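Enquirer: The following block contains the structure, expressed as structure tokens.
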Amino acid sequence: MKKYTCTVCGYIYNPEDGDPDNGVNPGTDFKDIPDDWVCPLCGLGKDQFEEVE
Ligand SMILES: [Fe+3]
């Protein structure tokens with residue numbers, strides 16, 4: 001699985017760590033995250049994210 005980052009703010013989603021405070025457990029592929037989950041830092045949605053390489 002790949003990290004994704006928010007291209008509006010730098011927030012890196014790391015699949016290893018999930019985002020547990022918002023319901024996304026460790027091991028959750030970004031593409032498996034609920035499409036109504038927001039960047040925990042800027043409060044925008046998945047669509048401002050891109051795959052990291
Ligand atoms: Fe963001």
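Rule-based calculations on the coordinates, nothing more; no lab input. No Cβ is skipped: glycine too gets one built from the backbone with ideal geometry, and neighbour counts run over all protein chains shown.
Enquirer: When you scan the range 27-45, do you find a residue that is within 11 Å of the ligand (Cβ to nearest atom), at positive phi and part of a loop (DSSP other than H, G, I, E, B), even just one?
Expert: Yes, because at least one residue in the range 27-45 is within 11 Å of the ligand (Cβ to nearest atom), at positive phi and part of a loop (DSSP other than H, G, I, E, B).
Enquirer: Would you please name the residue that is farthest from the ligand (Cβ to nearest atom), looking only at residues in the range 2-26 that are part of a loop (DSSP other than H, G, I, E, B) and β-branched (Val, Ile, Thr)?
Expert: For the range 2-26, the residue satisfying everything is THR7.
Enquirer: Right, here's the next one. Could you please tell me which pairs satisfy a Cβ distance under 9 Å, a separation of 6+ or placement on different chains, a first residue in the range 29-41 that is over 16 Å from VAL52 (Cβ atoms), and a second residue that is basic (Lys, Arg)?
Expert: Partner pairs satisfying both residue conditions: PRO34/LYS46; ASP35/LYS46; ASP36/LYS46; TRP37/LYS46; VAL38/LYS46.
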